[PDB]
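Okay, so here's the structure we're looking at.
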Amino acid sequence: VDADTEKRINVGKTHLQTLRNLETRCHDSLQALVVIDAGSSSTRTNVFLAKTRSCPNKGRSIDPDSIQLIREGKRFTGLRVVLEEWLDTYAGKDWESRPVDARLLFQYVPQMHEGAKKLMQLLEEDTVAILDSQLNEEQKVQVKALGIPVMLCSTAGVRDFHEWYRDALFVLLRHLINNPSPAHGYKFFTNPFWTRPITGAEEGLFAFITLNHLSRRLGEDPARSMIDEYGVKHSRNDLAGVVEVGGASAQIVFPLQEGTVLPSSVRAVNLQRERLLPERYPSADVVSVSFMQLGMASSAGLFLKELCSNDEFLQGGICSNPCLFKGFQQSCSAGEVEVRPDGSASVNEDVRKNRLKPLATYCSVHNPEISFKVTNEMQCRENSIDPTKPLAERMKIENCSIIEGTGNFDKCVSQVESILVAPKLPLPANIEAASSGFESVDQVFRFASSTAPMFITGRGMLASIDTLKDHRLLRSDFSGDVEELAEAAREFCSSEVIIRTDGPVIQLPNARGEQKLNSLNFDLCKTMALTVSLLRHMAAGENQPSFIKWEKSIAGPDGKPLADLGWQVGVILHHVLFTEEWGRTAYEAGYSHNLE
Amino acid sequence: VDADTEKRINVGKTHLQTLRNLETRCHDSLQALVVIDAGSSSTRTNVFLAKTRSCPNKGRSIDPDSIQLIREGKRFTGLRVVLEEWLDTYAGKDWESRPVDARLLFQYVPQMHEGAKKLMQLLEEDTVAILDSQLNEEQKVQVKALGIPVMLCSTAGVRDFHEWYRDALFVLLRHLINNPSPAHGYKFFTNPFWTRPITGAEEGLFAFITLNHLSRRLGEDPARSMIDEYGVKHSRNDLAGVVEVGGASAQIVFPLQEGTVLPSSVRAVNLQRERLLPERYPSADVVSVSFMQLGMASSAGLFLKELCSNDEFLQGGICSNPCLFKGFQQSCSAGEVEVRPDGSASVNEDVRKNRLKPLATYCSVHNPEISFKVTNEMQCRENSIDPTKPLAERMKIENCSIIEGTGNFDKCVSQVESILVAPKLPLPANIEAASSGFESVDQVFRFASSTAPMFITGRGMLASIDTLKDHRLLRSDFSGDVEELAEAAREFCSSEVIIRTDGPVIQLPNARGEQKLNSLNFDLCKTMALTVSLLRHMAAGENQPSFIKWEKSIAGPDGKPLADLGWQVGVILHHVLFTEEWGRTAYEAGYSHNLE
Amino acid sequence: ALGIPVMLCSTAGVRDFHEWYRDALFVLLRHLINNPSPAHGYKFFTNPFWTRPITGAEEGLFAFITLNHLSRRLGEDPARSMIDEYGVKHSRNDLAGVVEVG
Ligand SMILES: [Mg+2]
Ligand SMILES: [Mg+2]
């Protein structure tokens, strides 16, 4: 009797203890976080999931290690196209070639709102579809109750935009995000801190935060850091640097090592001082520099313009391109290229699709940045763009009908060096890089350098190495050997274009094999030349990286990558890591700040 | 042309400025706050509305001046009845008269949860009905999105509850509040800081905060306070004290004035030090003391027991009650009284309805507070309750059949003084008052006193003054004059009970008029005697109040009262005023802390 | 008893100074300030936030703060500012700008 009732008493005592436990413990809940990448080629959503924890008398915070990308959405229109379309309608067609009174454009602010609305509705539909498809009903309840912070950040595409247009657009973009469709129940919200243009330096810093976070090099716990006898927290492992080559710009980011000698002209960033990371995180002094015109699309347009305006390459209407394969031929233009099933290359005539449009638009005498600044005019003229001429002739490669590939890798490297990496004057729209002390890529490793390991990122940068690895031209364990890379690329780039029944083919010189010719690999040799040039510049630095790695992705704890490389995770971390500020903005004010 | 387009430009510029304004300004939103009064006679909901404000980088807070009561709900069962019913079923009937092994009751914790559930569902239904009826659709959206903090606090009814029962009940009450019906969409939530028993001293302190808040005496802004040359914030007007007489206990609260001489045995509370008010509020040292058995219901039972066990009043089965009118007669019991249409008084026989049940239940040899403590046993025996006897004889007024009113006010005052205000031993269940240095009401003004103005509150306390004012026995501008009150009450209380066709009547001695005899005024003369006794004790103090006011309510800025007097507003303020803590618990953790 | 904070700031004279020289000099200047003569009893002290070169923009911003402070245009109290119905604090008087030619 007494033994059995003592157990019954213990069940009642347990029932109370289980409830005491519930009201004393921390409770975990799922939150969705949205990063809208307003890049040069497109505007795309990035839907993330994170675990939030609420503790009695401590508030709510995000576990930074729980941040995972659920999906990167569809590639919708870039903000540049939205604005230029608006100008076409309200300033009139060919505003690129005429003086425009910017003051008059203020009467068309509601119309800019209507144009922006169209894009915002597509992004909202895409975000909601991703959320509806990935979450279960219990997850949706949590995600819907917590609120969904939105961080729409613009990069190189509208970085060089003229007048007040872009900043007025941001005010409208935030208003649209703050008024989501009530039907879906997802409570999206933003503020001027989350949704804004980000500098190239910030863009680079955020990609550096992403890399070190995912690879477990960056952390604040005993596993990733150590506190010395003088109370200074050091990272347990070396923080790695990053080279990121996107569509319009390229970012070079590296932490500075102990006893680093910097000239007064070079401006390095302290992560804590510049409020990128909280005080509890290990300190670092980081060089972050971004170069406009160094992206895949923008350098392709600029390289063609410069190379085919050079008499060493332009003769009798034929521009001899050493960065293109033997047997490859295209119309002499910077228009978007399509490798057709018949082996022919079709150059798109649409001005909006021409890789020189952003540069030729910037380089105009009707842009106050050119008309008032000889400096900028001279940079434009140095790349064969006369800002005094209409848009059509600024984009035109004069007395040039056909571009023919010569497949000469060393000539390609030589030209990539003189045009892109080490030009006489800084490439246009680079006042930010110049202000931090760097006119060009060649100056980055001359003025500052580090033993910090380096990661090379970007779609083209990886395709360059992976292509050479696939044809067994490079070893699988390639660690950055310059001569090994140049020798491999010299062989691959001397390949002939053969037009076969199953479509065009890239034929390797010594029966080494072959691959299909397409719109993504036709000009890969320019990127290999960029890689070679970059590696030579890093190799010349006073301090060389401990190692160089090419990575598509970083594996998570379960062997599967939790998120992509890039600035997106970094921007999230930059806000969520400041616990108090995040609690106030994300939870205290929250989506309810928008209530009618 | 230029004048008209300049205006069109100004409309576009305005559109942007309006949006910049929205994303820079503070935004106001409506929140509902719920206070559940778990009192001695009942458990009732109190639904409040408040204006919250969210500012960029400042979080969210409540404007304390916006706190308004929307409705006080229905009187559902008190927590004492829930627990005693549970004991009746699981410890067996008449557990009040037998030894009970409390350890064995642990096996019935789920059953206590089921009993508590029944009451919680009624309170939730009542709260939701009030919210649905008072709010419009835009208000409901705000109220539903913000979350609804619930503060269920118990007072005198279960303050003296035996064993571990009450605290186990609170764990269950919180779990029930944290799991509301999902159907209504109102997100109710609590935690151990909001939902808990409150001491009599806290209860008094909260009623003091309510009074001074509503009357605009308490404040932190230049309108209600001033900062001196030494950085000390003083209230602009004197903070007033409060006497609150409820159903089971009476609270006496007053701030201490400059250079106040306190004996080491008297424990005064500092509002800031004891964390009742934040640092930004003016400081005050407050005497707060609560007396069990001084409430309307509890003193009525105790007074009858004591008076009718006295040979000066009990003779030949007739107890002569000087606190009852000439011609009034009732059965000799402390059972609930009903003045019937025929003029007869029906005494309820139900043990749960007897005004002595709480005291006779406390005063038991099977209660460890009596069996281990001679002190407590002696206090019980001093009020004619033998703790060794069964419940039925502890509640019984021995050799007494009929109570007859003598309408002798001075004899009534004399008895209220000896029984209630200045007893030989402290009235039972008063260890809290005794610990703060006060055994009885008479000791409060002897040991501590203040020039601070005083407010007299409670349903009966006000009816006492208002009755005498209505019959023109007291002037409309009555300011506390003892002799004026005693002279008025002596006249009113010498009234005869006449049984008329339209029902029973209270006939005033010198054709002064009349009023109906009912269940609420039959024993009002005891309360008038309590008032007289209290006023004499305050008048004897070293420092006397600047003024004494009887108030039913305090008028708001629009001439209409925003809330009632009592501890409810005070408990809200005690939590909402600590901005950071409130933001973390109410908004950061919020109702989402409960998400599955 | 309170200690004497020292703010040594350099302006246009060494703003255009080449190589690493100036920044190495600042590290030495701070060490010197942090080691005053014990004889006089005045406790001078600095840190890298107080003692450093200031940019032309900071120099201008600081002169703007000086002007508005002294002229009573800049303040957070009711005399120099007003909180609107939306909780935003505005300066009561227009903040003035500055042209400083050194
Ligand atoms: Mg990008
Ligand atoms: Mg009460």
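Basis: the model, the stated rules and, where named, an outside source; these are not laboratory values. Using ideal geometry, Cβ is built from the backbone for each residue, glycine included, and neighbour counts are taken over all protein chains shown.
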Report summary line: With criteria (1) over 17 Å from the mean Cα position of the chain (by Cα); (2) within 16 Å of ligand 1 (Cβ to nearest atom), A:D285 comes up short on (2)
**Report entry** Index of the failed condition, B:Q251 passing every other in (1) out of contact with any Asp or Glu (no Cβ under 8 Å at 6 or more places or on another chain); (2) without any contact (Cβ under 8 Å) to a residue 60 or more places away in the chain
**Finding:** (1)
Report task. Can you confirm whether segment B:22-35 contains a residue that is part of a helix (DSSP H, G or I) and within 14 Å of chain C (Cβ to nearest Cβ)? Result -> yes
Query raised in the report: So which of B:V158, B:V171 ends up being in the same structural domain as B:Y591 (by CATH) and within 16 Å of ligand 2 (Cβ to nearest atom)?
Result: B:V158
Query raised in the report: Is it the case that some residue within segment B:105-119 is within 14 Å of chain A (Cβ to nearest Cβ), in contact with a strand residue (DSSP E or B) (Cβ under 6 Å, 6 or more places away or on another chain) and of a type in the set (A, V, I, L, M, F, W, C)?
Result: no
Query raised in the report: Can you tell which of A:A433, A:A422, A:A429, A:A463 is hydrophobic (A, V, I, L, M, F, W, C), surrounded by fewer than 22 Cβ atoms within 10 Å (Cβ to Cβ) and touching an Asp or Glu at 6+ places or on another chain (Cβ under 9 Å)?
Result: A:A422
Query raised in the report: Which ones in segment B:202-230 are within 14 Å of B:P255 (Cβ to Cβ) and among the hydrophobic types (A, V, I, L, M, F, W, C)?
Result: B:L205, B:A207, B:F208, B:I209, B:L211, B:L218
Report task. Check whether at least one residue in segment A:465-478 is free of Cβ contacts under 8 Å to residues at least 12 places away in the same chain, among the charged types (D, E, K, R) and more than 21 Å from A:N510 (Cβ to Cβ), and report yes or no. Result -> yes
Requested in this report: Among the numbered conditions (1) touching a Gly at 6+ places or on another chain (Cβ under 6 Å); (2) of a type in the set (G, A, S); (3) not in a loop (DSSP other than H, G, I, E, B), tell me where B:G247 comes up short.
Outcome: (3)
Query raised in the report: Pick from A:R98, A:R80: which is more than 14 Å from chain B (Cβ to nearest Cβ), touching a residue at least 40 places away in the same chain (Cβ under 8 Å), among the basic types (K, R) and part of a helix (DSSP H, G or I)?
Result: A:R80
Query raised in the report: So which residues in segment A:146-167 are crowded, with 21+ Cβ neighbours inside 10 Å and part of a helix (DSSP H, G or I), if there are any at all?
Result: A:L146, A:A156, A:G157, A:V158, A:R159
Query raised in the report: Is it the case that some residue within segment B:254-269 is under 30 Å from B:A463 (Cα atoms), within 16 Å of ligand 2 (Cβ to nearest atom) and either part of a strand (DSSP E or B) or not assigned by CATH to the domain that holds B:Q443 (or both)?
Result: no
Report task. Scan segment B:381-418 for residues that are surrounded by fewer than 20 Cβ atoms within 10 Å (Cβ to Cβ) and of a type in the set (V, I, T) and report the count. Result -> 3
Query raised in the report: So which pairs qualify, if the first residue must be in segment A:63-76 and basic (K, R), the second must be not in a strand (DSSP E or B), the Cβ gap must be under 6 Å, and the two must be at least 6 apart or on different chains?
Result: A:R71/A:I130; A:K74/A:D126; A:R75/A:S42
Query - Qualifying residues in segment A:53-65 (those that are outside any helix (DSSP H, G or I) and more than 8 Å from chain B (Cβ to nearest Cβ)) - the one farthest from A:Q568 (Cα to Cα) - result: A:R53
Report task. Any chance you could count how many residues in segment A:279-315 are surrounded by fewer than 24 Cβ atoms within 10 Å (Cβ to Cβ) and hydroxyl-bearing (S, T, Y)? Result -> 3
Query raised in the report: Going by the structure shown, is B:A38 more than 9 Å from every other protein chain (Cβ to nearest Cβ) and within 16 Å of ligand 2 (Cβ to nearest atom)?
Result: yes
Query - Which numbered condition A:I318 fails, given (1) surrounded by fewer than 22 Cβ atoms within 10 Å (Cβ to Cβ); (2) touching a helix residue (DSSP H, G or I) at 6+ places or on another chain (Cβ under 6 Å); (3) touching a residue at least 40 places away in the same chain (Cβ under 8 Å) - result: (2)
Query raised in the report: C:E58 fails exactly one of the following numbered conditions: (1) charged (D, E, K, R); (2) touching a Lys or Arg at 6+ places or on another chain (Cβ under 9 Å); (3) closer than 30 Å to A:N270 by Cβ. What is the number of that condition?
Result: (2)
Query raised in the report: Condition test on B:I130, is it within 14 Å of another protein chain (Cβ to nearest Cβ) and touching a strand residue (DSSP E or B) at 6+ places or on another chain (Cβ under 7 Å)?
Result: no
Report summary line: Note on segment B:554-573: residues within 16 Å of ligand 2 (Cβ to nearest atom) and not aliphatic (A, V, I, L, M) are B:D564, B:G566, B:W567, B:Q568, B:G570
Report task. Confirm whether A:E483 is within 14 Å of another protein chain (Cβ to nearest Cβ) and either assigned to a loop (DSSP other than H, G, I, E, B) or surrounded by fewer than 15 Cβ atoms within 10 Å (Cβ to Cβ) (or both). Result -> no
Query - Checklist (1) part of a strand (DSSP E or B); (2) under 22 Å from the mean Cα position of the chain (by Cα); (3) surrounded by fewer than 21 Cβ atoms within 10 Å (Cβ to Cβ) applied to B:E274, failing item - result: (1)
**Report entry** Residue match in segment B:133-141 (condition: within 25 Å of A:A3 (Cα to Cα), outside any helix (DSSP H, G or I) and within 14 Å of chain A (Cβ to nearest Cβ))
**Finding:** no
**Report entry** Within segment A:521-596, helices (runs of 4 or more DSSP H) holding 2 or more residues that are within 16 Å of ligand 1 (Cβ to nearest atom)
**Finding:** A:567-576
